[PDB]
Amino acid sequence: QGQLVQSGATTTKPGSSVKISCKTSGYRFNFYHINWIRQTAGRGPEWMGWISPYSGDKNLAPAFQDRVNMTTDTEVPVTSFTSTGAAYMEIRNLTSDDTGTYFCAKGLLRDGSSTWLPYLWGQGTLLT
Amino acid sequence: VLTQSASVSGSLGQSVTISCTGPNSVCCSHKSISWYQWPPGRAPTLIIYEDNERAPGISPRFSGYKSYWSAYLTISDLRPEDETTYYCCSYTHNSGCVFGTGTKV
Amino acid sequence: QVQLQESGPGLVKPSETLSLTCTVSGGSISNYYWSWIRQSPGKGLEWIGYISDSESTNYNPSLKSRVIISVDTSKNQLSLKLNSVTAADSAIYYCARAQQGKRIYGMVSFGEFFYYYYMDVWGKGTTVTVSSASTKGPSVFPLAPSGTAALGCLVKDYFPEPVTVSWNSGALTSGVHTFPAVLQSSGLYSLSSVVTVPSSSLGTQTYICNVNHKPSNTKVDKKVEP
Amino acid sequence: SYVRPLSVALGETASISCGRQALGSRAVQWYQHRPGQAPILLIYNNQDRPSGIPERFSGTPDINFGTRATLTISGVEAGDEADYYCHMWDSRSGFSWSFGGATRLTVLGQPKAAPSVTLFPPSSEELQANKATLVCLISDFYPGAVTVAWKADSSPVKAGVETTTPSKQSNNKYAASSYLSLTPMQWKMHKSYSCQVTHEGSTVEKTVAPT
Ligand SMILES: *[C@@H]1O[C@H](CO)[C@@H](O[C@@H]2O[C@H](CO)[C@@H](O[C@@H]3O[C@H](CO[C@H]4O[C@H](CO)[C@@H](O)[C@H](O[C@H]5O[C@H](CO)[C@@H](O)[C@H](O)[C@@H]5O)[C@@H]4O)[C@@H](O)[C@H](O[C@H]4O[C@H](CO)[C@@H](O)[C@H](O)[C@@H]4O)[C@@H]3O)[C@H](O)[C@H]2NC(C)=O)[C@H](O)[C@H]1NC(C)=O
Ligand SMILES: *[C@@H]1O[C@H](CO)[C@@H](O)[C@H](O)[C@H]1NC(C)=O
Ligand SMILES: *[C@@H]1O[C@H](CO)[C@@H](O)[C@H](O)[C@H]1NC(C)=O
């Protein structure tokens, strides 16, 4: 299983800095990365970055190098293999050209070559 | 930079072959290719990763193949729900997943 | 006195203007006839066209609609431009000097004669491949040895043909033997060069294998030693 | 175009008749071409031959009408094996764009030559790249036709072999290459690998082992 509910689809105007939430269930939040993906209309879908809910290690594209803050808070043990988590997303020098739908997707495997691969996605959020 | 097929079509029962290629920067023999089925403005779906490994539950008619210069995605035995837009992706184990241009099928 | 040397891309994408050039060494260019000839695998020699000493042109109607031959008299270079290339356009394109002959059978006053052209000095050929695939430089691996002995140089996974191989940058030439390539199922060629040298030369005559693959501008060197 | 064969014994005189017969006064060119090499204009006018070509290459002149154009190669040698083209020009027909057919000349009665097999083990740098290739190099054999056979220890191995069709060398003999690709573990876990080269009636084996 696994669910990733995202925040609301409210809108702002250029110059601001919005926070996007992603709440997880049905799986151990620490065991898989959390990816942030952007599907703009005036560009192809872009991978923004992933972060480790276990090790805190983050990795984002150089196009978002000094403009994005990725944070996650510690999980909550529900069962032996189930926990609830949350991931956060921020933008710095923000304009209106960053308009589109934003998704959060967790990693694929816990090890191997496709560890962090965005596998299970959220329902997305509309922006400005 | 990762170019996909412009567009293509088929019919119920036949097959499709999407392309994905690029320069030495993002392709291919030292990179892995993942194929995402992505309806426009909806929750995407991982179809195939590591060039040809299908995700859990993906129909066997989906098949990936990677040459030394271009990765492929075959979609045999078409069905109504195949009318989506597909995007390829190039990645290594510790980096990002550079997406592709797109392919309307 | 007169020699010709071709030069081309080696790899051209389908539906794209192929372009080759040819240099004359020793003689001039604006005082002779020059012809372009290609030879595809299986098919025979095909005359593409020719150009006069007055730079007048005449193309073969087989590919008249898409061939343009030129000439540059500043030096001794004459070019060839072939667009809309297909898979059947890959061949060894030769460059040769044509000599006009006037066969007279009746009365020259009534025009009872005809001109014929023949190529008397040719080039060496330029291998050209039309493929959607991309170029890739080879991977050179040494083959160390163990009356005489033989060492090698393994040139694997390159595209497209050909690849030149010299030993000791051109010094070593006796007993050299470069073998024709192999088209693996992956679609890439694989070569192999081997020289036979005296066994006592193992210590320590340096054996440098040189490999050049121009379609990727990837020259490499490698030494062999037990 | 199509290829018409011709066999002439070693030392005999070859008679290569042209592909198309002339309708009027003719001016026929003869070209020698071995594939993978530039053609060699043997005779340009009906019988005029350029310099650097021996007197044994002769063509028929156009004296009276009716004479067929034939290239005569007296004293044939193994080097005379090539394609011979007859570029035909005449007063009647138009502009000769096509070089014509192709007379494939093979010289019979050449000395049989046994191959010189040379097998190399996978190099260290290749094994460091997690790949391993056995190469079997065959050369100096005539007639140009061999069969390769790869065996892991004593059991045969046919999955992963790539062999070259024979190719004539500068000394009029043939050469062929065989490449057995295998994972570096299949190279260590086996005792020895062999390349059997069968030529004419005999078979020659060269073996290699990781030591
Ligand atoms: C407990 O559970 C957690 C969560 O599942 C486990 O953490 C996961 O471990 C696996 C395996 O160890 C990890 O998979 C690997 O992922 C790396 C990608 O990370 C690399 O890239 C980072 C960003 O580019 C980089 O910063 C890293 O480099 C150092 O920096 C960080 C800083 O914190 C440091 O922590 C690192 O340890 C590094 O020192 C990092 O290198 C990827 O490279 C791996 O692939 C290699 O290895 C596999 C085989 O393992 C091989 O198949 C590949 O081809 C390649 O050779 C591998 O995929 C995963 O990222 C971890 N995190 C998750 C899943 O969120 C933890 O191990 C568990 N511990 C126990 C005791 O159970
Ligand atoms: C991200 O936000 C947190 C919130 O307190 C802050 O502490 C942290 O420094 C921020 N990250 C960066 C890189 O500024
Ligand atoms: C990993 O195992 C869990 C166990 O339930 C499963 O839910 C999850 O889908 C597995 N991951 C993948 C990528 O299949």
# chains A, B, ... in the order shown; residues from 1 in each chain; ligands from 1
$ residues_near_ligand --ligand "ligand 2" --cutoff "10 Å" --atoms "only C-alpha atoms and all ligand atoms" --output "list in words"
residues 65, 66, 67, 68, 69, 70, 71, 72, 88, 89, 90 and 92 of chain A
$ residues_near_ligand --ligand "ligand 3" --cutoff "12 Å" --atoms "only C-alpha atoms and all ligand atoms" --output "count of residues only"
38
$ select_by_dssp --residues "chain A" --states "strand (DSSP E)" --output "JSON, numbers by chain"
{"A": [3, 4, 5, 6, 20, 21, 22, 23, 24, 25, 26, 27, 34, 35, 36, 37, 38, 39, 40, 46, 47, 48, 49, 50, 51, 58, 59, 60, 68, 69, 70, 71, 72, 73, 74, 75, 76, 77, 83, 84, 85, 86, 87, 88, 89, 90, 91, 100, 101, 102, 103, 104, 105, 106, 120, 121, 125, 126]}
$ closest_atom_pairs --of "chain D" --to "chain C" --cutoff "7 Å" --atoms "only C-alpha atoms" --output "Markdown table"
| residue | atom | partner | partner_atom | distance |
| --- | --- | --- | --- | --- |
| D:1 | CA | C:43 | CA | 5.1 |
| D:25 | CA | C:105 | CA | 6.3 |
| D:27 | CA | C:103 | CA | 6.6 |
| D:37 | CA | C:124 | CA | 7.0 |
| D:38 | CA | C:124 | CA | 5.7 |
| D:41 | CA | C:120 | CA | 5.7 |
| D:44 | CA | C:118 | CA | 6.4 |
| D:89 | CA | C:116 | CA | 6.7 |
| D:91 | CA | C:114 | CA | 6.3 |
| D:97 | CA | C:47 | CA | 6.1 |
| D:98 | CA | C:46 | CA | 6.6 |
| D:99 | CA | C:45 | CA | 6.5 |
| D:120 | CA | C:143 | CA | 6.7 |
| D:123 | CA | C:143 | CA | 6.0 |
| D:125 | CA | C:141 | CA | 6.6 |
| D:126 | CA | C:141 | CA | 6.6 |
| D:162 | CA | C:184 | CA | 6.8 |
| D:164 | CA | C:182 | CA | 6.1 |
| D:177 | CA | C:179 | CA | 7.0 |
$ write_last_selection --atoms "C-alpha atoms" --output "PDB file, in the first residue's frame"
ATOM      1  CA  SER D   1      24.258  -5.110 -60.757  1.00  0.00           C
ATOM      2  CA  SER D  25      31.664   1.876 -83.759  1.00  0.00           C
ATOM      3  CA  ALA D  27      35.199   2.778 -77.582  1.00  0.00           C
ATOM      4  CA  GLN D  37      39.784  -1.121 -53.173  1.00  0.00           C
ATOM      5  CA  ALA D  38      39.918   1.522 -55.879  1.00  0.00           C
ATOM      6  CA  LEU D  41      41.664   1.255 -65.436  1.00  0.00           C
ATOM      7  CA  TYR D  44      40.765   2.949 -72.041  1.00  0.00           C
ATOM      8  CA  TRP D  89      30.517   3.264 -75.539  1.00  0.00           C
ATOM      9  CA  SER D  91      27.998   5.611 -81.782  1.00  0.00           C
ATOM     10  CA  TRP D  97      26.417   5.857 -67.271  1.00  0.00           C
ATOM     11  CA  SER D  98      26.369   2.211 -66.161  1.00  0.00           C
ATOM     12  CA  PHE D  99      29.678   0.365 -65.885  1.00  0.00           C
ATOM     13  CA  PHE D 120      44.625 -14.760 -27.066  1.00  0.00           C
ATOM     14  CA  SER D 123      43.252  -9.123 -21.225  1.00  0.00           C
ATOM     15  CA  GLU D 125      42.117  -4.456 -18.369  1.00  0.00           C
ATOM     16  CA  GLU D 126      39.111  -6.064 -20.062  1.00  0.00           C
ATOM     17  CA  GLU D 162      31.269 -14.082 -33.719  1.00  0.00           C
ATOM     18  CA  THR D 164      34.420 -13.210 -39.837  1.00  0.00           C
ATOM     19  CA  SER D 177      38.742 -13.772 -36.940  1.00  0.00           C
TER      20      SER D 177
END
$ residues_around --residues "residue 11 (chain C)" --least-positions-apart "3" --cutoff "7 Å" --atoms "only C-alpha atoms" --output "PyMOL selection string"
chain C and resi 128-131+160+215
$ closest_atom_pairs --of "chain B" --to "ligand 1" --cutoff "7 Å" --atoms "only C-alpha atoms and all ligand atoms" --output "JSON lines"
{"residue": "B:93", "atom": "CA", "partner": "ligand 1", "partner_atom_place_in_ligand_line": "45 (O)", "distance": 5.1}
{"residue": "B:94", "atom": "CA", "partner": "ligand 1", "partner_atom_place_in_ligand_line": "21 (O)", "distance": 4.2}
{"residue": "B:95", "atom": "CA", "partner": "ligand 1", "partner_atom_place_in_ligand_line": "24 (O)", "distance": 5.4}
$ write_last_selection --atoms "C-alpha atoms" --output "mmCIF file, in the first residue's frame"
data_model
loop_
_atom_site.group_PDB
_atom_site.id
_atom_site.type_symbol
_atom_site.label_atom_id
_atom_site.label_comp_id
_atom_site.auth_asym_id
_atom_site.auth_seq_id
_atom_site.Cartn_x
_atom_site.Cartn_y
_atom_site.Cartn_z
ATOM 1 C CA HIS B 93 22.146 5.428 -8.583
ATOM 2 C CA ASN B 94 23.095 8.726 -6.843
ATOM 3 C CA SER B 95 21.789 11.610 -8.929
#
$ interface_residues --of "chain C" --to "chain B" --cutoff "8 Å" --atoms "only C-alpha atoms" --output "PDB file with C-alpha atoms, in the first residue's frame"
ATOM      1  CA  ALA C 133      22.579   5.256 -34.788  1.00  0.00           C
ATOM      2  CA  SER C 134      25.185   7.449 -33.112  1.00  0.00           C
ATOM      3  CA  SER C 186      24.763  -5.066 -30.642  1.00  0.00           C
TER       4      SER C 186
END
$ interface_residues --of "chain A" --to "chain B" --cutoff "12 Å" --atoms "only C-alpha atoms" --output "MDAnalysis selection string"
chainID A and resid 1 3:6 33 35:51 57:64 100:126
$ residues_around --residues "region 72-86 of chain B" --least-positions-apart "5" --cutoff "7 Å" --atoms "only C-alpha atoms" --output "ChimeraX atom specification"
/B:11-20,36-40,61-66,102-105
$ write_last_selection --atoms "N, CA and C atoms" --output "PDB file, in the first residue's frame"
ATOM      1  N   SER B  11      -3.539   0.791 -33.033  1.00  0.00           N
ATOM      2  CA  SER B  11      -4.924   0.348 -32.947  1.00  0.00           C
ATOM      3  C   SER B  11      -5.006  -0.781 -31.931  1.00  0.00           C
ATOM      4  N   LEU B  12      -6.235  -1.094 -31.523  1.00  0.00           N
ATOM      5  CA  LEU B  12      -6.462  -2.131 -30.524  1.00  0.00           C
ATOM      6  C   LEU B  12      -5.941  -3.475 -31.020  1.00  0.00           C
ATOM      7  N   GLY B  13      -4.993  -4.048 -30.276  1.00  0.00           N
ATOM      8  CA  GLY B  13      -4.369  -5.302 -30.616  1.00  0.00           C
ATOM      9  C   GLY B  13      -2.961  -5.165 -31.162  1.00  0.00           C
ATOM     10  N   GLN B  14      -2.663  -4.058 -31.842  1.00  0.00           N
ATOM     11  CA  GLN B  14      -1.340  -3.844 -32.418  1.00  0.00           C
ATOM     12  C   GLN B  14      -0.354  -3.384 -31.351  1.00  0.00           C
ATOM     13  N   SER B  15       0.764  -2.795 -31.770  1.00  0.00           N
ATOM     14  CA  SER B  15       1.824  -2.424 -30.846  1.00  0.00           C
ATOM     15  C   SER B  15       2.333  -1.025 -31.164  1.00  0.00           C
ATOM     16  N   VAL B  16       3.067  -0.464 -30.202  1.00  0.00           N
ATOM     17  CA  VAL B  16       3.690   0.848 -30.312  1.00  0.00           C
ATOM     18  C   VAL B  16       5.154   0.700 -29.912  1.00  0.00           C
ATOM     19  N   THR B  17       5.976   1.656 -30.344  1.00  0.00           N
ATOM     20  CA  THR B  17       7.399   1.675 -30.002  1.00  0.00           C
ATOM     21  C   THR B  17       7.826   3.128 -29.812  1.00  0.00           C
ATOM     22  N   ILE B  18       7.930   3.554 -28.558  1.00  0.00           N
ATOM     23  CA  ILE B  18       8.375   4.899 -28.214  1.00  0.00           C
ATOM     24  C   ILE B  18       9.896   4.912 -28.162  1.00  0.00           C
ATOM     25  N   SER B  19      10.488   6.035 -28.553  1.00  0.00           N
ATOM     26  CA  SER B  19      11.932   6.196 -28.577  1.00  0.00           C
ATOM     27  C   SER B  19      12.370   7.226 -27.543  1.00  0.00           C
ATOM     28  N   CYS B  20      13.639   7.129 -27.150  1.00  0.00           N
ATOM     29  CA  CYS B  20      14.236   8.039 -26.173  1.00  0.00           C
ATOM     30  C   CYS B  20      15.742   8.004 -26.373  1.00  0.00           C
ATOM     31  N   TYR B  36       7.839   6.338 -17.577  1.00  0.00           N
ATOM     32  CA  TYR B  36       6.687   6.736 -16.779  1.00  0.00           C
ATOM     33  C   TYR B  36       5.483   6.975 -17.679  1.00  0.00           C
ATOM     34  N   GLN B  37       4.374   6.312 -17.366  1.00  0.00           N
ATOM     35  CA  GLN B  37       3.085   6.647 -17.960  1.00  0.00           C
ATOM     36  C   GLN B  37       2.470   7.791 -17.165  1.00  0.00           C
ATOM     37  N   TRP B  38       2.179   8.901 -17.840  1.00  0.00           N
ATOM     38  CA  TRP B  38       1.845  10.152 -17.161  1.00  0.00           C
ATOM     39  C   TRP B  38       0.680  10.835 -17.864  1.00  0.00           C
ATOM     40  N   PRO B  39      -0.550  10.551 -17.444  1.00  0.00           N
ATOM     41  CA  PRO B  39      -1.693  11.342 -17.907  1.00  0.00           C
ATOM     42  C   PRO B  39      -1.505  12.804 -17.542  1.00  0.00           C
ATOM     43  N   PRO B  40      -1.806  13.723 -18.458  1.00  0.00           N
ATOM     44  CA  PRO B  40      -1.505  15.144 -18.213  1.00  0.00           C
ATOM     45  C   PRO B  40      -2.284  15.688 -17.024  1.00  0.00           C
ATOM     46  N   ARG B  61       2.720  -6.791 -21.527  1.00  0.00           N
ATOM     47  CA  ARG B  61       2.839  -6.235 -22.870  1.00  0.00           C
ATOM     48  C   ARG B  61       3.749  -5.015 -22.905  1.00  0.00           C
ATOM     49  N   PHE B  62       3.907  -4.319 -21.782  1.00  0.00           N
ATOM     50  CA  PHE B  62       4.903  -3.260 -21.690  1.00  0.00           C
ATOM     51  C   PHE B  62       6.295  -3.872 -21.619  1.00  0.00           C
ATOM     52  N   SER B  63       7.196  -3.395 -22.473  1.00  0.00           N
ATOM     53  CA  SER B  63       8.550  -3.924 -22.518  1.00  0.00           C
ATOM     54  C   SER B  63       9.511  -2.807 -22.889  1.00  0.00           C
ATOM     55  N   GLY B  64      10.655  -2.780 -22.212  1.00  0.00           N
ATOM     56  CA  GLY B  64      11.686  -1.793 -22.462  1.00  0.00           C
ATOM     57  C   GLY B  64      12.901  -2.442 -23.093  1.00  0.00           C
ATOM     58  N   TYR B  65      13.618  -1.665 -23.898  1.00  0.00           N
ATOM     59  CA  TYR B  65      14.848  -2.120 -24.526  1.00  0.00           C
ATOM     60  C   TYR B  65      15.761  -0.916 -24.684  1.00  0.00           C
ATOM     61  N   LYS B  66      17.052  -1.112 -24.430  1.00  0.00           N
ATOM     62  CA  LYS B  66      18.028  -0.034 -24.537  1.00  0.00           C
ATOM     63  C   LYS B  66      19.147  -0.462 -25.473  1.00  0.00           C
ATOM     64  N   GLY B 102       8.651  14.078 -24.316  1.00  0.00           N
ATOM     65  CA  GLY B 102       7.289  13.584 -24.232  1.00  0.00           C
ATOM     66  C   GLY B 102       6.895  12.875 -25.510  1.00  0.00           C
ATOM     67  N   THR B 103       5.863  12.040 -25.405  1.00  0.00           N
ATOM     68  CA  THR B 103       5.357  11.292 -26.556  1.00  0.00           C
ATOM     69  C   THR B 103       3.864  11.073 -26.365  1.00  0.00           C
ATOM     70  N   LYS B 104       3.060  11.673 -27.240  1.00  0.00           N
ATOM     71  CA  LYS B 104       1.618  11.460 -27.224  1.00  0.00           C
ATOM     72  C   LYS B 104       1.291  10.175 -27.976  1.00  0.00           C
ATOM     73  N   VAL B 105       0.589   9.260 -27.314  1.00  0.00           N
ATOM     74  CA  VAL B 105       0.210   8.001 -27.937  1.00  0.00           C
ATOM     75  C   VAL B 105      -1.304   7.846 -27.933  1.00  0.00           C
TER      76      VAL B 105
END
$ atom_distance --atom1 "CA of residue 197 (chain D)" --atom2 "CA of residue 138 (chain D)"
7.9 Å
